[PDB]
Each structure stands twice: as C-alpha cells, then as structure tokens.
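Q:
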Amino acid sequence: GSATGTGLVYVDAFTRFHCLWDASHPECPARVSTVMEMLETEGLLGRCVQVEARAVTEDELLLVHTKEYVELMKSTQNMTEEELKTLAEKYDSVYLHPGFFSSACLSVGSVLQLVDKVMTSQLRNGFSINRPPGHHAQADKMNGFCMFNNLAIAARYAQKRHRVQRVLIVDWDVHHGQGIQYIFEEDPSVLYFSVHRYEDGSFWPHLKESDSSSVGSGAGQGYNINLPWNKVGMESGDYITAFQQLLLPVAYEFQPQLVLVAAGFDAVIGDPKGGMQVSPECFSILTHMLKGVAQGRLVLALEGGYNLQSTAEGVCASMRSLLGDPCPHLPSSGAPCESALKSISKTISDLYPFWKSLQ
Ligand SMILES: CC(C)[C@H](C(=O)Nc1ccc(C(=O)NO)cc1)c1ccccc1
Ligand SMILES: [K+]
Ligand SMILES: [K+]
Ligand SMILES: [Zn+2]
C-alpha cells in the first residue's frame, strides 16, 4: 500500500512473554492475538498496509530512558525466574519474563516504523498492535505492566528524526499515563492529554499528580492536561463531550504536526479493571475527532484493555475510522452525566489561563 493507506504493525514476538508466576495475570498474549483475529474476521486486516516492526536501538531508547536502566532491562533476558521476580518486585505492578525485553524493543520500534511512514506521506495513519504497553514506563523504572515508554520515545523520535516541532499525545486508556506526563512535564513542544479513572486517588496509580491541577511546569506550564473521572460507569457521551469541549479546541490552538494516541481499551464496557461503560463503537468517533489536525497524521499504539472481546472490538472500531469508513450512529445519548461535566468544567478551570480557546 501507499500514501492514502492505514498501516498496521504486528509480530508474533508480541505473544512471546507472559507472567510465569500468575496464570491469571491480565496482561497476557491473548490480548494481541485476539485483536488480530478479529481484525481478520471483520475484513479490516486485509484493508491495511502491513508494516514491518523493527527493534528499537539503544540511542532511540536513550531519547527517554537512562543508560543504566536500559542496560538493566537488557540483562533481564539472561535472568532466572527467581531473579526476574526479585527485580520485578522492585517496581510497582510489573512482571518480567526472559522474552520481555525483546518484545518491548519491538513494541517501541513498531511505533517508530509507523511514525516514519506517516511523516513521509507513505501512509495516512496507522495502528501498532503491540505489547508490552508503554505509557506508565519512566526514565529509569518499569511501572504498570510497562518497560519502555513507546509513545514518549516515538514523540521525541518524531522531533529528532523528522524535525517535528509540536506533538500531541492523546491518552484514552482508563489509567493515567504518568510516565508520559513526567517525561514531558517541562516541555511545551509535546502536549499531553489524559482522560482516566481517578476516584479522588482511590484508583491506581493513586497519584495526586493525576488530578487536573497538574498542568505542567516551567516552559511546559499549560501543556499537560488531565481529565480525572471521579465516578465509575462513564459512557460514550462523557468521552465525546470531553473531546468536544476541551481536547479539540486546545488541539486546534496547539496545531500539532503529529498526533500519537495511547490507545488503551480498558474504558470499554466489560473490561475487568476499568469500571467504565464506553461502547467499542465510541472509539470510531473519538478516532474520527482526532483526524482533522496534523494533516491527519495519526498513529495509535495499543496500551491497556483486558477483556479480550471488548479490546478487540475497540481496536476494530478505531481502525474503521482510520480507514475512512463513515462513523456509526451511537445509540447512547451524547449528553454527559453530572459527574463527567463536573470533571470537565474543573479541568477547563485549571487550564483556561493557558489556552485562549478555553476562555
Ligand atoms: C494490584 C493491582 C492494582 C494491579 C493492577 O491493576 N495494575 C495495573 C496497572 C496498569 C494497567 C493499565 O492498563 N495501564 O494502562 C492495568 C492494571 C495488578 C497487578 C497484577 C495483576 C492484577 C492486578
Ligand atoms: K489515560
Ligand atoms: K507537556
Ligand atoms: Zn490502562
């Protein structure tokens, strides 16, 4: 395929690691194989341009991560199960496996491949069907099922290799991507928007900096936007309203040259962790709402999502929009609930001093 195409990256290596000490761990290889099977069954896979993965290089990793941390992660490939468990336990909410590092390197590289093809007009947009996820990973630590911060690396790579000046990262996973926030906290060239379950800190990762008062600092003040949900059960209308009132006006003002999406599907109805009630079809609309900016240069990368069917359906819905199919009518009312409106209004109050579009 070519310029007006939608890229897809998937490699069998993404199934080559799993939790050795918890057979019920939610972050498991079926997450990606099920997505690929549904894309095929739906006839969507054959409409995409198959893009090869590549392994990230050390220098690419060092755009975000420390040399000491990269070397330590590299060494996990030669550690016994006991050593892997001891190291994993020094971080919050991670496991390790002898194949984790190799898959993590292909996970980062998959996004870089799509950035290359989108930025050079060889594709319109794309989706990497990758695990492990990335948005919690930090400069010198694993966190939240993540080793390397796929999208943070991709953003800095777009700036370094393709000389992009402004990148928008949209994170619709149900969890706050605090790793992305930290990496870009002082950086006005990367705008980070996250909508996430918070419940006044009750929900993991339990961080005060996941609240909307965290707007970035220094030159980056105004370029970090958190939308915390404080009740479970949010629906499509809550997300669409947030995008319409808050994200889209800011995004147009920011004028990004590339949009990267932390495309988790743990907010979809049925997810065992997220507690939300978003229909998979909503993600067709959310994807569509991001395509009118950055010349449509839009790259999605899989983050969380743990109900195999719900996550596969959410990926398929997003892919239909990437491919240009007209959006479905959504049955649920587009009106947001009172709690969602309260969070949106609060985030707007915290960000209005930095965005003319919010005044
Ligand atoms: C104890 C509990 C708090 C922990 C957990 O839920 N973690 C977690 C972190 C990140 C994501 C995600 O999807 N981020 O995008 C999802 C889940 C956990 C760990 C192991 C097995 C089950 C549960
Ligand atoms: K999020
Ligand atoms: K930022
Ligand atoms: Zn998540």
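Just so you know, we're using the authors' numbering here: the sequence shown kicks off at 58 and counts up by one. Each residue gets a CB set at the ideal place from its N, CA and C atoms; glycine is no exception.
Pick helix, strand or coil for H253, following the three-state DSSP scheme.
A: Numbered from 1 along the sequence shown, position 196 holds the residue referred to as residue 253. Here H253 sits in strand by DSSP.
Q: What is the residue span of the beta strand (DSSP E) that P285 lies within?
A: As a working mapping, residue 285 is identified with position 228 in the sequence shown. Where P285 is concerned, the enclosing beta strand (DSSP E) stretches over 281-286.
Q: Name the one or two DSSP bridge partners that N200 has.
A: Residue mapping note: residue 200 aligns to position 143 of the sequence shown, counting from 1. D149, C203.
Q: If you draw a straight line from the alpha carbon of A374 to that of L343, how long is it in whole angstroms?
A: Position 317 of the sequence shown, counted from the start, is the residue given in the question as residue 374. Position 286 of the sequence shown, counted from the start, is the residue given in the question as residue 343. One C-alpha to the other measures close to 10 Å.
Q: Check each candidate in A215, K174, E256, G279 and name the one with the smallest Cα separation from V66.
A: Position 9 of the sequence shown, counting from 1, holds the residue named residue 66. It is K174 whose Cα lies nearest to the Cα of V66.
Q: Extract the residue ranges of the alpha helix (DSSP H) inside the region 270-324, only unbroken runs of 4 or more that lie entirely within it.
A: Correct list: 293-299, 305-311.
Q: Measuring only the C-alpha atoms, how far is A397 from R254?
A: By 1-based counting over the sequence shown, the position of residue 397 is 340. By 1-based counting over the sequence shown, the position of residue 254 is 197. When rounded, the distance between both Cα atoms is 11 Å.
Q: Which residue's Cα is closest to the Cα of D268: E256, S160, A196, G381?
A: As a position in the sequence shown, residue 268 is number 211, starting the count at 1. Among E256, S160, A196, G381, the Cα nearest to that of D268 belongs to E256.
Q: At what residues does the alpha helix (DSSP H) containing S396 begin and finish?
A: The count along the sequence shown starts at 1 and reaches residue 396 at position 339. That run of the alpha helix (DSSP H) goes 395-408.
Q: Since I believe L317 is in contact with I210 (beta carbons under 8 Å), could you give me their beta-carbon distance rounded to a whole number of angstroms?
A: The residue labelled residue 210 in the question sits at position 153 within the sequence shown. The residue labelled residue 317 in the question sits at position 260 within the sequence shown. 10 Å between Cβ atoms; not a contact.
Q: With distances taken from CA atoms, which of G201, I240, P155, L169 is nearest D149?
A: Position 92 of the sequence shown holds residue 149. With distances taken between Cα atoms, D149 lies closest to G201.
Q: What does a CB cutoff of less than 7 Å around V335 pick up in its chain, not counting 5 residues either side in sequence?
A: In the sequence shown, residue 335 corresponds to position 278, counting from 1. For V335, where only same-chain residues beyond five positions count, the Cβ hits under 7 Å are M291, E292, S293, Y296, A324, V325, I326.
Q: Using the beta-carbon of each residue, find all residues closer than 7 Å to any heavy atom of ligand 3 and list them in chain order.
A: Ordered along the chain, the selected set is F241, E242, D244, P245, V247, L248, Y249, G273, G277, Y280, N281.
Q: Any chance you could list the beta strand (DSSP E) runs of at least 3 consecutive residues sitting entirely within the region 322-388, in chain order?
A: As far as the region 322-388 is concerned, its whole beta strand (DSSP E) runs of at least 3 residues are 355-359.
Q: Nearest to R218 by CA position, among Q301, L120, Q235, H232, is which residue?
A: Mapped onto the sequence shown, residue 218 falls at position 161. The residue with the shortest Cα to Cα distance from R218 is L120.
Q: Looking at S251 and ligand 2, is the gap between the Cβ and the nearest heavy atom below 6 Å?
A: As a first step, residue 251 must be located in the sequence shown, where it is residue number 194. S251: yes, Cβ under 6 Å from ligand 2.
Q: Should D116 be labelled buried (16 or more other beta-carbon atoms within 10 Å of its own) or exposed?
A: Walking along the sequence shown from the start, residue 116 turns up at place 59. Classification of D116: exposed, given that the 10 Å Cβ count is below 16.
Q: Within the continuous alpha helix (DSSP H) that includes residue 468, where are the two ends?
A: There is no way to answer for residue 468, as the model of the chain reaches only from 58 to 416.
Q: Taking the beta carbon of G362 as the centre, do at least 16 other beta carbons fall within 10 Å, making it buried, or is it exposed?
A: Position 305 of the sequence shown holds residue 362. Classification for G362: buried.
Q: Under 8 Å by Cβ, that's how I've got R181 and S164 pegged, so tell me the actual separation to the nearest angstrom.
A: Within the sequence shown, numbered from 1, the residue matching residue 181 stands at position 124. Within the sequence shown, numbered from 1, the residue matching residue 164 stands at position 107. So it is not a contact: roughly 22 Å between Cβ atoms.
Q: Using a Cβ distance threshold of 8 Å, determine whether the region 349-365 contacts the region 303-322, with at least three qualifying pairs required.
A: Yes: the two stretches touch, three or more of their Cβ pairs being nearer than 8 Å.
Q: Any heavy atom of ligand 2 closer than 6 Å to the CB of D230?
A: Residue numbering aside, residue 230 sits at position 173 when the sequence shown is read from its first letter. Yes, since a heavy atom of ligand 2 falls inside the 6 Å radius drawn around the Cβ of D230.
Q: When you compare only the Cα positions, how much space is there between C105 and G166?
A: Within the sequence shown, residue 105 is the residue found at index 48, counting from 1. Within the sequence shown, residue 166 is the residue found at index 109, counting from 1. Approximately 19 Å, taken between the alpha carbons.
Q: Where do the ends of the alpha helix (DSSP H) carrying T91 lie?
A: For the purposes of this step, residue 91 is taken as residue 34 along the sequence shown, with counting starting at 1. Segment 87-98, the alpha helix (DSSP H) holding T91.
Q: Looking at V68 and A112, is the spacing between their C-beta atoms short of 7 Å?
A: On the sequence shown, position 55 is the one that residue 112 refers to. On the sequence shown, position 11 is the one that residue 68 refers to. Cβ distance not < 7 Å, so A112 and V68 don't count as in contact.
Q: For a quick check, are the C-beta atoms of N287 and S271 less than 7 Å apart?
A: Your numbering for residue 287 matches position 230 in the sequence shown. Your numbering for residue 271 matches position 214 in the sequence shown. No.
Q: Where in the region 161-233 do unbroken runs of the beta strand (DSSP E), each at least 3 residues long, occur, reported from the N-terminal end onward?
A: Counting only runs of 3 or more, we get 182-185, 224-228.
Q: Counting C-beta neighbours from all protein chains within 10 Å, is the total for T368 16 or more, i.e. buried, or is it exposed?
A: In the sequence shown, the residue the question calls residue 368 occupies position 311. So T368 ends up on the buried side.
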